[PDB]
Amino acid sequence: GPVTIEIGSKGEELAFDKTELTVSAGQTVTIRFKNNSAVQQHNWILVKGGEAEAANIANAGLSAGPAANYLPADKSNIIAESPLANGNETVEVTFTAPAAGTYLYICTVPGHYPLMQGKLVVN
């Protein structure tokens, strides 16, 4: 059944406060991402592919800029995107969990990846 998963920045660090999440395939998941920094922007992006695909997406975001959520307009390897969260802001994204497997979630704000990453486990 539908669930919310709470996640945030690890305070002022370039890290999520949870490095792994477990859901069921097909489950309705609302990610409620709380920016616990007053001075960073962050997002939570669930991607398809390995760390190489993550790095590619983040790298594209450098020249995409904030109005495009530091993301490419090509969504072939993006499963879900949080809105961009400014200082002290909470944002949400609701998505249907993908097929069973493990997926990376990353932040594409310039410079935060590769440190700012975690893993979604779908059973």
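The first residue of the shown sequence is 1; numbering continues from there.
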| request: Would you tell me which stretch averages the higher CA B-factor in the PDB entry, 25-33 or 71-79? | output: 25-33
| Going by the B-factors listed in the PDB entry, is the mean over the C-alpha atoms higher for 109-117 or for 15-23? | 15-23
| request: Return the residue from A97, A85, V93, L46 that has the highest Cα B-factor in the entry. | output: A85
| So where's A58 on the chain's Cα temperature factor ranking, which third? | middle
